[PDB]
Structures are given as C-alpha cells and as structure tokens.
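Participant: One structure coming up, written as structure tokens, with questions to follow.
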Amino acid sequence: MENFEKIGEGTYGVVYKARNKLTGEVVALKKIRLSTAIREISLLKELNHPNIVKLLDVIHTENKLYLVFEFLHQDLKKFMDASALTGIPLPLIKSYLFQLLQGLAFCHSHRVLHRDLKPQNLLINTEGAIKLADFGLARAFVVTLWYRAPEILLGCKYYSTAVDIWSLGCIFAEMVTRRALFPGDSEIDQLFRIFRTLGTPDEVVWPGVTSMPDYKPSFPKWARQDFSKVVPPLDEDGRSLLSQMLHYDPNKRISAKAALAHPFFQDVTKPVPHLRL
Ligand SMILES: CC(C)[C@H](CO)Nc1nc(N[C@H]2CCN(S(C)(=O)=O)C2)c2ncn(C(C)C)c2n1
C-alpha cells in the first residue's frame with residue numbers, strides 16, 4: 001500500500017502485477033517470504049541484458065524480501081499451449097533459441113548460472129523478444145524436474161554453466177515436438193527417462209560418471225536412440241545442435257557462445273509472434 005493483482009505462484013514465492021505509485025509503471029513484484037542472499041540478489045540489479053528480465057529493485061522489509069521486475073505479458077509455456085494445434089513456426093523457434101543463447105552467453109561470461117531454466121521462467125513480448133527470468137536466484141537461496149541436467153540428478157554439488165545448456169536443449173526439443181522431452185515425475189523417473197532416450201551413461205561417454213554420489217552400478221542399461229526419432233521433423237543442423245546441448249559429459253556439452261556460431265543459425269531472423277493477450 002505504501003509504494004504501490006496476483007499472477008500466480010513461482011519457485012520462491014508469489015508473483016503479483018503491480019503499479020508503482022511514484023512512476024505509474026506496471027511491474028511484476030515477487031514476494032519471497034523468508035543477509036548473504038540480500039547482497040547476492042542485490043548484485044543481480046547490475047546483470048542487465050535485452051534477453052534477461054530486468055530486476056529493477058530488491059527491497060528487504062518486515063523480515064520479507066521483495067524483488068521488483070520488469071513485467072512481461074506471457075510466458076513460453078502459455079505461448080506453446082496457445083500454439084499446440086499448429087506448433088510454433090521454425091523461424092520463431094530459431095529466433096527464440098538464438099536469443100536465449102545470447103542471454104545465457106552474457107550471464108555465463110559474468111559467471112552467473114541460472115540452474116533452474118524452464119518454460120515458466122521464459123517470458124515473451126509483442127516485439128518478438130524472449131527473456132530469461134530468475135538468473136542467480138538458485139545460488140542465493142511440485143518443483144519440475146523435467147529440465148534438470150543429469151549431473152544434478154546424479155548428486156553433483158558443483159554446478160557449471162553446462163546445466164543451463166542442458167535445460168535449454170530440453171526446451172528447444174519441446175518447442176519443436178510440442179511435447180516435453182523428459183517429463184519425469186520423480187528423480188529416478190527423470191533419470192530413467194533420460195537414459196531410455198540417450199542410453200545409460202557409462203565411463204566411455206562420461207568419464208567419472210560411475211563415481212558420482214547417486215550413481216548405482218545396478219541402473220538398467222538402455223541403448224541410445226537416434227535424434228531423428230526424438231525431435232522429428234527438425235533438420236540435420238538443428239538435430240546436430242541439440243545433440244551437442246544434450247551430451248552427458250558437462251565438459252563436452254556445447255557452450256552458449258559456441259552454440260551461437262552453429263550452422264543452424266546461418267539463416268536466423270527475428271519474426272514477430274501474434275500474441276493473444
Ligand atoms: C507466477 C508464474 C511463475 C509467472 C510465469 O507464468 N511468473 C511471472 N509472470 C509474469 N507475467 C505473466 C503475465 C501473464 N503471463 S501468463 C501466466 O499468462 O503466461 C505471464 C512476469 N512478468 C515478469 N515476471 C518476473 C517476476 C520474472 C513475471 N513472472
């Protein structure tokens with residue numbers, strides 16, 4: 001009431017659409033009901049890029065943290081559902097993947113990881129842009145497992161930039177096929193869905209995997225499927241890029257900067273989506 005409608009529930013709290021009393025601007029206010037996290041989150045006010053949802057302010061009051069963001073009108077999950085009968089056109093999938101890779105390459109260059117990328121934290125506007133929301137929040141602080149990289153599911157506690165490339169690969173596949181790639185409903189179901197598609201990992205494709213905290217020698221041994229079966233009708237360039245984003249070994253997975261130079265983006269453009277708001 002001093003300085004200012006519910007949108008829904010997010011990973012760290014409730015998000016509201018609100019009007020700033022001093023400026024008249026419409027913003028998204030995220031209330032995180034609860035000192036190290038305050039300094040860390042406050043530093044993200046400097047992590048500004050056209051493909052990163054702007055964090056305007058970080059307020060600590062009455063033992064609660066409020067994050068004030070730029071407001072966007074739709075998320076990618078709602079846009080994919082709106083497009084379920086025809087699919088998103090390939091040039092717009094390409095544009096959105098390219099823009100998300102630019103946003104990741106910027107954050108990764110500043111050593112900031114997301115760790116929890118998913119369609120609900122990718123927001124779009126009427127000008128053809130897509131933006132990443134919530135970078136840096138996981139480090140400072142049902143939850144979907146569908147986009148979680150296999151090193152996280154296998155108990156590695158040292159995250160690298162590769163976890164975000166894996167999640168983006170999963171989202172890319174879901175834009176093309178109109179279905180989630182690995183819709184697990186438990187940690188083991190998530191792992192076994194990844195293993196049934198990509199094959200059970202072993203020391204040949206992922207050195208050190210058998211020494212991971214949650215690796216079990218008793219995991220079933222599935223053979224790998226071809227990407228031509230997984231994401232039809234994506235062309236050879238797109239399937240090659242997806243295969244590099246879903247390598248098991250996080251050291252082998254393509255970086256966001258290298259992905260921007262992939263042949264799949266030779267003809268990239270920026271189409272304008274028709275949005276129904
Ligand atoms: C509660 C959810 C997690 C939601 C995403 O569905 N969060 C959300 N929504 C925003 N805008 C909504 C407006 C209506 N659409 S929708 C639900 O119809 O797709 C998106 C939004 N603008 C900026 N931010 C910041 C905090 C990252 C936002 N965070």
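Ordering of the structure tokens sets the chain letters (A, B, ...), residue numbers begin anew at 1 in every chain, and ligands are numbered from 1 in the order given.
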Using only C-alpha atoms and all ligand atoms, which residues of the polymer chains come no farther than 9 Å from ligand 1? I'd like the answer as a PyMOL selection string.

Facilitator: chain A and resi 6-11+13-17+27-30+53-55+67-79+119-124+131-134+277

Participant: Using only C-alpha atoms, determine which residues lie at most 12 Å from residue 208 of chain A, disregarding the query and same-chain residues fewer than 3 positions distant; provide the list as a list in words.

Facilitator: residues 151, 154, 156, 201, 202, 203, 204, 205, 211, 212, 213, 215, 248, 249, 250 and 251 of chain A

Participant: Excluding residue 96 of chain A and any residue of its chain fewer than 5 positions from it, enumerate the residues within 9 Å of it, using only C-alpha atoms, and give them as number ranges by chain.

Facilitator: A: 91, 101, 128-131, 172, 270

Participant: Apply DSSP to the structure's backbone, then extract all residues of segment 7-243 of chain A labelled strand (DSSP E or B) and return them as a PyMOL selection string.

Facilitator: chain A and resi 7-9+14-19+26-33+52+55-61+64-70+74-75+122-124+130-132

Participant: Considering only C-alpha atoms, return as a ChimeraX atom specification whatever protein or nucleic-acid residues lie within 10 Å of residue 105 of chain A, sequence-local ones (same chain, fewer than 4 positions apart) excluded.

Facilitator: /A:99-101,109-112,161,165,255-260

Participant: One number please: atom CA of residue 149 of chain A to atom CA of residue 163 of chain A, in Å, one decimal.

Facilitator: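 Distance between the two atoms: 5.4 Å.
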
Participant: Let me make sure I understand: among A:141, A:216, A:199, A:19, which one has the smallest atom-to-atom distance to residue 32 of chain A if we use only C-alpha atoms?

Facilitator: A:141
